[PDB]
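Peer 1: This one is an experimental structure. Sequence first:
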Amino acid sequence: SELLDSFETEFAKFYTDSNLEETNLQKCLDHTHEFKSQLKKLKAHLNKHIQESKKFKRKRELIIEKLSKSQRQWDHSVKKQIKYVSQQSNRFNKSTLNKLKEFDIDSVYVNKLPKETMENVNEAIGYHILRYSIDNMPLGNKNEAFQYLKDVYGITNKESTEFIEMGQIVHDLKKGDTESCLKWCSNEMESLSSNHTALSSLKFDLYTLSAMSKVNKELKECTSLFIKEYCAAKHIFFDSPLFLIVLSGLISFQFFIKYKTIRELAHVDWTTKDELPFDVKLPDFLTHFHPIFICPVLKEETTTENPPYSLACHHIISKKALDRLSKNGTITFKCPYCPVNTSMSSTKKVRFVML
Amino acid sequence: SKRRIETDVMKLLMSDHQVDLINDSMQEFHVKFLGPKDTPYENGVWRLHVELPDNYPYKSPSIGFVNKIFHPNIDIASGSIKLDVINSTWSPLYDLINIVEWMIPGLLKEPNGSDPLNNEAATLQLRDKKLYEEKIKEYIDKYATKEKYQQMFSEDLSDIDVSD
Amino acid sequence: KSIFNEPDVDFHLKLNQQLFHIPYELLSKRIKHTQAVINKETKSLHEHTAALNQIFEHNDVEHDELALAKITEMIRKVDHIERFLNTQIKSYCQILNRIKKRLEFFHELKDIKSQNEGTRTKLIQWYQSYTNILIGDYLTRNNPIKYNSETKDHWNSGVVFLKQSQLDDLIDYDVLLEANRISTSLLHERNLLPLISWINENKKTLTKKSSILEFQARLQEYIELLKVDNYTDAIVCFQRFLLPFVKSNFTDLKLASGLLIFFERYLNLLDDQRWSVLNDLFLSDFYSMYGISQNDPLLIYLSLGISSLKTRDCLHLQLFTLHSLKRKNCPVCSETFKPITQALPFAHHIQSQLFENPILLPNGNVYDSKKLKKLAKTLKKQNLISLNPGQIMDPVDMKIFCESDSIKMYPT
Amino acid sequence: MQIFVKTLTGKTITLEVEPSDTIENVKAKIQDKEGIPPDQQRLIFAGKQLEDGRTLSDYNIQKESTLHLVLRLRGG
Ligand SMILES: [Zn+2]
Ligand SMILES: [Zn+2]
């Protein structure tokens, strides 16, 4: 956006070129080097003159004058340059970094994590590191990577052998050999609980790659498909939960900051402690995990203690809402959405389940 | 049931609607409203006073206009809105954002002259439908525009070689 | 214009500003040090050239030789200052490069967000790098420091993770290491020596901001000098360091003077919680000095993310059927995150997230027609069970039904 | 072309329709997918109520629009 452009334009003043190679202090260095140069030159002249003296009065006067003329120039130029460096630094700070202090992230941190649950934050980090950044580790052969992980990163979680084998077979596949992947797929095909269509497609991809610019795309597709199939087969998370949680936290930041403003503007009270007041909108691949039903009349989630009930013509409302509308099963009523009367012939607790 | 009232007020707040509580009661307050574009009520700005009964979901809210608006089914001495959906065809399913954004423009775009609340407005609506627009613009001007809302509310020697 | 509702680049810049606040502090320190020392050296050269000019007054051969010796000394001094300036420039360029790399990173983000299936993957990779930065910063922040016998350079799990993941320039990992080293020295080693050196190095800034840390450090040293009876050293330390604080604080000094021979006024003074209270003071001052966030950012992100997707129903042949349910991949249901899930609040949903075309079965469950038919077809093909034609089977509560007993449902 | 309709509660519905299709057909489709009788059911596009006589081609559509489902209101 525009602020990033402001940073990028104000930062370039630190250097003295468009290529961003030379800083400002190089002027100080060159001035000092030049000063030493004429000091050396004037000393050699002094010696040529002394050895001769063993007309010259003016020849000595030039040396005397120059030897004090050079020092003043060096002093003047050097203090000027370091000042301009200091002034430029202060100007950059004031004109650039003072537009960021308005937002303090620490103000958002409410509902802090308990101090006794750091053994889980350090356990999810291990899973994420094992899942994603395992290929860069100098693990080498097996049965020593265990010691490497336990000593460097301190990773001692259950899902370790599977990830080590996965990394090894992926690295082997990266060299073009497809014996390991084919053998593993054929072995997995034997059981009566594996997704046969995905395994068959992966086998077809391996057969096409084995027959063979175009290879790189096929190699990447086969690698990604093997990753997905193996993660599904071994009952582990394809995407680490920590990544999804952080990605949700970003969006939650974006909406919270706004809610706090509407809080300072108009003073309102939210009396339900266990539920945060505002609302957050999440992408498609972060929502449909549990069946969520919001009652039309009460605008509240539906819980096992407040099961949903279906009316006469198959609308769905809460249980306490149906109790209130038809008081303890005494009178009848119509839907709050259509003119069809309803009685105690309403079906039992409807249960929503995601397939 | 305060949860429904709180959720509806929060939904009103999180949008661009300007809501002002009175003594922070959370059950009665005021909402800013802007006229719909197409209708002659285009540049008008108004303020609504709403009050939510304690039995809110099953009892209709009380909504009125504190400014002045000309309309057959709207009072002139006050702003007592009168339409069936709020009065007798209210189901415990509509919301405050819903009620405003649906049935305030809905009533603005469909006056009914069978049994009006403003008799002179009904007579004008039945007679002419061309000068009614200039009247409404007129009354809007004298009682509720942006301004009215703002008001009421040397020799260089030679060269000697040098040592490394 | 956000792809999956993500914030704009300016919000990302505002969100983690320590990355730009710490290198600036290092730069300011470098410039201040250079300016001070170079002014001192300039003054020395000025007095040197005054003395030399005085030497040239007498037009004698011996005085001329002395002048030549003086010029040789001047050349040596200028060579020394040249070497110092070279070192300072070398240090300057690295700190500039840090901000250069961070700016390039955020510019790459902006370029990604300014161009949808192909673009989404690039954003996902960028956010993978983002979470890697956060994880590395967290690991560097709180993880015991392991000393190196070779090259005697401190290192940690966060440092090696950053070095290996090629995110070296995006995190300082050294000012954080210094904070960790001093804090663990205070908490466990009880050394208290590194804190004194840090205070001595940064005395002017503490005095300008008037933080009560130097006095507290001296008081803790004096108390530690009385747990083991060294009365002469305690007295000399009192008279050398604790005296100049009479104007600022007097009751504490009087109490310290009273503590000279060993009353609930003394359990606090000799308790062990004072080691932490000196750690908290030091950490608050350090983070205020550099600009580091008072809390671990990863913790804030987790706190928001867990409560943002916690639902009400979120904690309450056979193998394939059990794996067929789509509720067994909730990121917050996993055994790792369960206690945090219980601690954090629920979520506020204003719309019902459900599936497309529900149908209700006689038992009392509502399913999706197309998904249920696909599951029946899959079960029939792989021979997990024998079924009559035109029949469906429900996963939970093992049972079979026909298509004539499914009633349409209308969620709202 | 597929079009979206937003209801009072908030639920968004996607549905298939042709430019030659009548508005009565759209109301019948919404009846099938919601269960609300078409007589007490109105649509709103660009702030204008739609009549049964006119078809979908009378009002311009960009093949991906956002209609609004509305109930019946009357003064008195
Ligand atoms: Zn119904
Ligand atoms: Zn869950």
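Peer 2: In hand now; what should we look at? Residues are numbered from 1 along each chain as shown, chains lettered A, B, ... in the order given. Ligands and ions are numbered 1, 2, ... in the order given.
Peer 1: Report the secondary structure state of residue A:299.
Peer 2: Classification of residue A:299 by DSSP: H, G, I helix; E, B strand; the rest coil places it in coil.
Peer 1: what helix or strand does the nearest residue to it once chain neighbours are set aside sit in?
Peer 2: Closest residue in space to residue A:299, ignoring its immediate chain neighbours: residue B:7 at 5.2 Å, by CB to CB, 6 or more residues apart in numbering or on different chains. For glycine as for every other residue, the C-beta is placed from the backbone atoms N, C-alpha and C. Element membership of residue B:7, judged by DSSP states H and E, is helix B:2-14.
Peer 1: distance between that helix and the chain's centre?
Peer 2: 17 Å (CA atoms, centre = their mean, to the nearest Å).
Peer 1: Can you list the helices and strands that that helix packs against?
Peer 2: Applying 3 or more CB pairs under 8 Å, 6 or more residues apart in numbering or on different chains; DSSP states H and E, we find helix B:2-14 packed against helix A:241-265, strand B:19-21, helix B:96-108.
Peer 1: Residues touching it, excluding its own?
Peer 2: Helix B:2-14 is contacted by residues A:258-259, A:262, A:266, A:268-272, A:277-279, A:298-300, B:19, B:26-27, B:29, B:31, B:52, B:56-57, B:95-97, B:100, C:350 when judged by CB atoms under 8 Å, 6 or more residues apart in numbering or on different chains.
Peer 1: For ligand 2, which of the helices and strands packed on helix B:2-14 is the nearest?
Peer 2: Nearest to ligand 2, of all the helices and strands packed on helix B:2-14, is helix A:241-265, at 10.5 Å by CB to the ion.
Peer 1: tell me which residues in that closest one are buried?
Peer 2: A:241-257, A:259, A:262 (16 or more other CB atoms under 10 Å in any protein chain shown).
Peer 1: quick one, what contacts residue A:237?
Peer 2: A:127, A:131, A:231, C:329, C:331, C:334.
Peer 1: go again using 6 Å as the cut-off
Peer 2: Residue A:237 is in contact with no residue at all, counting by CB atoms under 6 Å, 6 or more residues apart in numbering or on different chains.
Peer 1: where does it fall, phi/psi-wise?
Peer 2: phi -80, psi 120 (degrees, to the nearest 10).
Peer 1: Please apply the same query to the one 3 residues further on.
Peer 2: Phi and psi for residue A:240, reported as degrees, to the nearest 10, are phi -60, psi 140.
Peer 1: residue contacts, the residue of the stretch 151-300 of chain C found nearest chain B?
Peer 2: At 22.3 Å from chain B, residue C:300 is the closest residue in the stretch 151-300 of chain C, using CB to the nearest CB. Shown in contact with residue C:300 (CB under 6 Å, 6+ apart): residue A:109.
Peer 1: rewinding a little: let me know the angle separating the helix holding residue B:7 from helix B:96-108.
Peer 2: For helix B:2-14 against helix B:96-108, the angle between stretch directions is 70 degrees (axes from the mean of the first three to the mean of the last three CA atoms, to 10 degrees).
Peer 1: List the buried residues for helix B:2-14?
Peer 2: B:4-14.
Peer 1: quick revisit: and the residue of the stretch 151-300 of chain C closest to chain B, helix, strand or coil?
Peer 2: Per three-state DSSP, the local secondary structure of residue C:300 is helix.
Peer 1: Please report the number of neighbouring residues for the nearest residue to residue C:67 once chain neighbours are set aside.
Peer 2: Using CB to CB, 6+ apart and skipping the chain neighbours, the partner closest in space to residue C:67 is residue C:55 (4.9 Å). When neighbours are defined as other CB atoms under 10 Å in any protein chain shown, residue C:55 has 16 of them.
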